[PDB]
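Text of input_11.cif, listed as mmCIF, C-alpha atoms:
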```
data_upload
loop_
_atom_site.group_PDB
_atom_site.id
_atom_site.type_symbol
_atom_site.label_atom_id
_atom_site.label_comp_id
_atom_site.auth_asym_id
_atom_site.auth_seq_id
_atom_site.Cartn_x
_atom_site.Cartn_y
_atom_site.Cartn_z
ATOM 1 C CA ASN A 736 25.420 9.601 -14.813
ATOM 2 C CA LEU A 737 22.243 9.353 -16.881
ATOM 3 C CA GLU A 738 22.529 12.713 -18.633
ATOM 4 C CA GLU A 739 26.117 12.336 -19.910
ATOM 5 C CA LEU A 740 25.014 8.818 -21.008
ATOM 6 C CA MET A 741 22.108 10.339 -22.969
ATOM 7 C CA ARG A 742 24.584 12.781 -24.504
ATOM 8 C CA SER A 743 27.392 10.485 -25.660
ATOM 9 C CA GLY A 744 24.954 7.699 -26.529
ATOM 10 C CA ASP A 745 27.272 4.856 -25.505
ATOM 11 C CA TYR A 746 24.921 2.359 -23.778
ATOM 12 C CA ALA A 747 27.702 -0.231 -23.635
ATOM 13 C CA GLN A 748 28.707 0.183 -19.997
ATOM 14 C CA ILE A 749 25.133 -0.020 -18.716
ATOM 15 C CA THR A 750 24.354 -2.817 -21.169
ATOM 16 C CA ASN A 751 27.279 -4.784 -19.724
ATOM 17 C CA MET A 752 25.839 -4.018 -16.255
ATOM 18 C CA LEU A 753 22.231 -4.980 -17.059
ATOM 19 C CA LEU A 754 23.002 -8.100 -19.113
ATOM 20 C CA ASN A 755 24.744 -9.578 -16.121
ATOM 21 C CA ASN A 756 23.357 -8.527 -12.762
ATOM 22 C CA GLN A 757 25.727 -6.016 -11.165
ATOM 23 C CA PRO A 758 24.654 -3.555 -8.439
ATOM 24 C CA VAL A 759 24.369 -0.229 -10.198
ATOM 25 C CA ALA A 760 23.162 3.318 -9.533
ATOM 26 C CA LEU A 761 21.630 5.313 -12.392
ATOM 27 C CA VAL A 762 22.023 8.929 -11.235
ATOM 28 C CA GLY A 763 19.882 11.579 -12.899
ATOM 29 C CA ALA A 764 16.474 13.171 -12.739
ATOM 30 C CA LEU A 765 13.717 10.764 -13.762
ATOM 31 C CA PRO A 766 9.956 10.297 -13.444
ATOM 32 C CA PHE A 767 8.315 7.545 -11.439
ATOM 33 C CA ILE A 768 5.027 5.775 -11.168
ATOM 34 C CA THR A 769 3.473 5.325 -7.745
ATOM 35 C CA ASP A 770 2.711 1.666 -7.257
ATOM 36 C CA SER A 771 0.469 1.120 -4.260
ATOM 37 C CA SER A 772 -0.616 -2.528 -4.206
ATOM 38 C CA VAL A 773 1.212 -5.282 -2.347
ATOM 39 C CA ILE A 774 0.775 -8.129 -4.886
ATOM 40 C CA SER A 775 2.541 -5.973 -7.474
ATOM 41 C CA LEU A 776 5.455 -5.907 -5.005
ATOM 42 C CA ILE A 777 5.195 -9.651 -4.344
ATOM 43 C CA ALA A 778 5.290 -9.849 -8.123
ATOM 44 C CA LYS A 779 8.747 -8.392 -8.735
ATOM 45 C CA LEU A 780 7.910 -5.325 -10.831
ATOM 46 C CA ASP A 781 11.255 -3.801 -9.754
ATOM 47 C CA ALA A 782 13.642 -5.145 -12.403
ATOM 48 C CA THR A 783 11.030 -5.229 -15.187
ATOM 49 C CA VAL A 784 11.390 -1.611 -16.325
ATOM 50 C CA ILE B 246 31.202 -40.110 -63.155
ATOM 51 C CA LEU B 247 33.636 -37.537 -64.548
ATOM 52 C CA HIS B 248 36.591 -37.488 -66.877
ATOM 53 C CA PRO B 249 39.927 -36.994 -65.069
ATOM 54 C CA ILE B 250 40.262 -33.724 -67.041
ATOM 55 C CA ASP B 251 36.729 -32.652 -66.031
ATOM 56 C CA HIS B 252 37.457 -33.952 -62.540
ATOM 57 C CA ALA B 253 40.570 -31.766 -62.409
ATOM 58 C CA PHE B 254 38.518 -28.674 -63.279
ATOM 59 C CA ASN B 255 35.650 -29.490 -60.904
ATOM 60 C CA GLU B 256 37.959 -30.432 -58.054
ATOM 61 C CA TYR B 257 39.770 -27.138 -58.595
ATOM 62 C CA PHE B 258 36.393 -25.429 -58.307
ATOM 63 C CA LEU B 259 35.594 -27.389 -55.120
ATOM 64 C CA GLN B 260 38.905 -26.968 -53.280
ATOM 65 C CA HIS B 261 39.620 -23.279 -53.990
ATOM 66 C CA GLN B 262 36.368 -21.451 -53.320
ATOM 67 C CA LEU B 263 36.881 -17.790 -52.200
ATOM 68 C CA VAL B 264 34.365 -18.184 -49.364
ATOM 69 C CA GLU B 265 35.180 -18.041 -45.679
ATOM 70 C CA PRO B 266 33.412 -17.501 -42.338
ATOM 71 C CA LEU B 267 31.631 -14.304 -41.306
ATOM 72 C CA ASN B 268 30.976 -13.271 -37.721
ATOM 73 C CA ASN B 269 30.515 -10.079 -35.706
ATOM 74 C CA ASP B 270 34.292 -9.933 -35.109
ATOM 75 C CA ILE B 271 35.054 -9.429 -38.816
ATOM 76 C CA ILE B 272 32.400 -6.816 -39.626
ATOM 77 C CA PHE B 273 33.833 -4.922 -36.648
ATOM 78 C CA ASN B 274 37.238 -4.950 -38.374
ATOM 79 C CA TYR B 275 35.784 -4.135 -41.804
ATOM 80 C CA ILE B 276 34.870 -0.557 -40.793
ATOM 81 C CA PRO B 277 37.794 1.941 -40.723
ATOM 82 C CA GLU B 278 39.937 2.650 -37.682
ATOM 83 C CA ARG B 279 38.986 6.319 -37.156
ATOM 84 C CA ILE B 280 35.301 5.368 -37.080
ATOM 85 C CA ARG B 281 35.959 2.446 -34.684
ATOM 86 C CA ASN B 282 37.630 4.831 -32.222
ATOM 87 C CA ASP B 283 35.346 7.845 -32.676
ATOM 88 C CA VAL B 284 32.979 8.834 -29.884
ATOM 89 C CA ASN B 285 30.830 10.782 -32.370
ATOM 90 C CA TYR B 286 29.742 7.575 -34.113
ATOM 91 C CA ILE B 287 27.984 4.809 -32.189
ATOM 92 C CA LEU B 288 28.153 1.461 -33.979
ATOM 93 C CA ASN B 289 27.243 -2.033 -32.862
ATOM 94 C CA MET B 290 25.754 -5.362 -33.965
ATOM 95 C CA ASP B 291 21.978 -5.739 -33.718
ATOM 96 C CA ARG B 292 21.860 -8.854 -35.918
ATOM 97 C CA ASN B 293 22.801 -12.494 -35.392
ATOM 98 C CA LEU B 294 25.245 -14.324 -37.654
ATOM 99 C CA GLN C 834 37.791 -45.638 -73.941
ATOM 100 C CA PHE C 835 35.513 -45.379 -70.928
ATOM 101 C CA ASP C 836 36.899 -46.943 -67.742
ATOM 102 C CA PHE C 837 34.543 -46.705 -64.763
ATOM 103 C CA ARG C 838 37.321 -47.129 -62.186
ATOM 104 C CA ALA C 839 39.289 -44.090 -63.359
ATOM 105 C CA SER C 840 36.080 -42.063 -63.721
ATOM 106 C CA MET C 841 34.013 -42.609 -60.563
ATOM 107 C CA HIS C 842 34.877 -39.971 -57.964
ATOM 108 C CA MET C 843 33.526 -38.744 -54.630
ATOM 109 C CA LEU C 844 33.099 -34.968 -54.766
ATOM 110 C CA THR C 845 33.074 -33.104 -51.443
ATOM 111 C CA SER C 846 31.511 -29.765 -50.529
ATOM 112 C CA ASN C 847 29.503 -27.976 -47.822
ATOM 113 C CA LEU C 848 25.765 -27.825 -47.051
ATOM 114 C CA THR C 849 23.648 -24.646 -46.938
ATOM 115 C CA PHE C 850 25.625 -21.555 -46.173
ATOM 116 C CA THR C 851 24.671 -18.024 -47.217
ATOM 117 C CA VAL C 852 26.945 -15.405 -48.749
ATOM 118 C CA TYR C 853 26.488 -11.751 -47.801
ATOM 119 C CA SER C 854 27.394 -9.033 -50.285
ATOM 120 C CA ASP C 855 26.689 -5.820 -48.375
ATOM 121 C CA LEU C 856 28.623 -6.515 -45.088
ATOM 122 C CA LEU C 857 27.670 -3.053 -43.699
ATOM 123 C CA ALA C 858 23.902 -3.421 -43.286
ATOM 124 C CA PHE C 859 24.789 -5.498 -40.222
ATOM 125 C CA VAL C 860 26.219 -2.379 -38.514
ATOM 126 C CA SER C 861 23.627 -0.439 -36.552
ATOM 127 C CA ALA C 862 24.619 3.192 -36.737
ATOM 128 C CA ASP C 863 23.786 6.224 -34.590
ATOM 129 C CA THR C 864 25.419 9.574 -33.890
ATOM 130 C CA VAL C 865 25.771 11.995 -30.997
ATOM 131 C CA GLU C 866 23.526 15.054 -31.344
ATOM 132 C CA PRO C 867 25.676 17.378 -33.501
ATOM 133 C CA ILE C 868 25.645 20.209 -30.956
ATOM 134 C CA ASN C 869 27.762 17.808 -28.836
ATOM 135 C CA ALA C 870 30.176 16.759 -31.596
ATOM 136 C CA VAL C 871 33.811 16.728 -30.468
ATOM 137 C CA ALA C 872 37.194 16.597 -32.189
ATOM 138 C CA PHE C 873 40.211 14.332 -31.689
ATOM 139 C CA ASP C 874 41.087 16.233 -28.494
ATOM 140 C CA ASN C 875 37.560 15.648 -27.032
ATOM 141 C CA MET C 876 37.003 19.401 -27.127
ATOM 142 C CA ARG C 877 33.858 20.427 -28.941
ATOM 143 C CA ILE C 878 34.103 21.567 -32.543
ATOM 144 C CA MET C 879 32.021 24.711 -33.062
ATOM 145 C CA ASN C 880 32.989 26.151 -29.679
ATOM 146 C CA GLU C 881 30.997 29.272 -30.514
ATOM 147 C CA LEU C 882 27.663 28.360 -28.813
#
```
Here is the file; what I need is its structure written in the form of structure tokens.
Amino acid sequence: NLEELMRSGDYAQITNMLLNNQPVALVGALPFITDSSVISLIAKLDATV
Amino acid sequence: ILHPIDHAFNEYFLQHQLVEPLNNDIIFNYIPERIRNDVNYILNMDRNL
Amino acid sequence: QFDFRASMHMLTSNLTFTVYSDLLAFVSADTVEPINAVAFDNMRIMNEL
């Protein structure tokens, strides 16, 4: 849960799931950008943000 | 080139030093127990030792 | 009288450490937003909101 995370301010469970690569699901309302080009998908802009 | 008396004093100053290693697992024990196990306070190490 | 054999000595120490006097500037420190502050029982103090 993203919102509870924002509340308690832990950031030690998700740090220990982004330092090593574990499949994870950040649930909560969020913005997005709309990428449209293909090269910026061939370039892995997924895990950058 | 020291006197044995002066060597006794200086070797006392060299052997017994009151200096000993510091890491992130001693600063973590230096803070009190209630603050270690409080969810209100969020404490970690953002510096290398 | 000066005897060089009973006066030459090899003194032993370390090389280039650094002592730290504060020990608590190495703790990065944040807090939950105080509307969400809870007690020992994880129930919120200042229930009244």
Any chance you could resolve the PyMOL selection byres ((chain B) within 8 of (chain A)) against this file and give the residues as number ranges by chain?
-> B: 284-285, 287
Proximity to chain C - best of A:741, A:777, A:754, A:764, all atoms listed in the file |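 Residue with the minimum atom-to-atom distance to chain C: A:741.
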Cut-off 12 Å: closest chain C/chain A atom pairs per residue, using only C-alpha atoms, as JSON lines:
```
{"residue": "C:862", "atom": "CA", "partner": "A:744", "partner_atom": "CA", "distance": 11.2}
{"residue": "C:863", "atom": "CA", "partner": "A:744", "partner_atom": "CA", "distance": 8.3}
{"residue": "C:864", "atom": "CA", "partner": "A:744", "partner_atom": "CA", "distance": 7.6}
{"residue": "C:865", "atom": "CA", "partner": "A:743", "partner_atom": "CA", "distance": 5.8}
{"residue": "C:866", "atom": "CA", "partner": "A:742", "partner_atom": "CA", "distance": 7.3}
{"residue": "C:867", "atom": "CA", "partner": "A:742", "partner_atom": "CA", "distance": 10.2}
{"residue": "C:868", "atom": "CA", "partner": "A:742", "partner_atom": "CA", "distance": 9.9}
{"residue": "C:869", "atom": "CA", "partner": "A:742", "partner_atom": "CA", "distance": 7.4}
{"residue": "C:870", "atom": "CA", "partner": "A:743", "partner_atom": "CA", "distance": 9.1}
{"residue": "C:871", "atom": "CA", "partner": "A:743", "partner_atom": "CA", "distance": 10.2}
{"residue": "C:875", "atom": "CA", "partner": "A:743", "partner_atom": "CA", "distance": 11.5}
```
Give me a file of those residues, with C-alpha atoms, as a PDB file, in the coordinates of the input.
```
ATOM      1  CA  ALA C 862      24.619   3.192 -36.737  1.00  0.00           C
ATOM      2  CA  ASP C 863      23.786   6.224 -34.590  1.00  0.00           C
ATOM      3  CA  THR C 864      25.419   9.574 -33.890  1.00  0.00           C
ATOM      4  CA  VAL C 865      25.771  11.995 -30.997  1.00  0.00           C
ATOM      5  CA  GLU C 866      23.526  15.054 -31.344  1.00  0.00           C
ATOM      6  CA  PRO C 867      25.676  17.378 -33.501  1.00  0.00           C
ATOM      7  CA  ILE C 868      25.645  20.209 -30.956  1.00  0.00           C
ATOM      8  CA  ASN C 869      27.762  17.808 -28.836  1.00  0.00           C
ATOM      9  CA  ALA C 870      30.176  16.759 -31.596  1.00  0.00           C
ATOM     10  CA  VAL C 871      33.811  16.728 -30.468  1.00  0.00           C
ATOM     11  CA  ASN C 875      37.560  15.648 -27.032  1.00  0.00           C
TER      12      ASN C 875
END
```
Answer key for the PyMOL selection byres ((chain C) within 8 of (chain B)), residues as number ranges by chain | C: 837, 839-842, 844-846, 852, 856-857, 859-865, 870-871
To one decimal place, how far is CA of residue 784 (chain A) from CA of residue 753 (chain A) in Å?
-> 11.4 Å
Mind pulling up the distance from CA of residue 836 (chain C) to CA of residue 253 (chain B)?
-> 16.5 Å
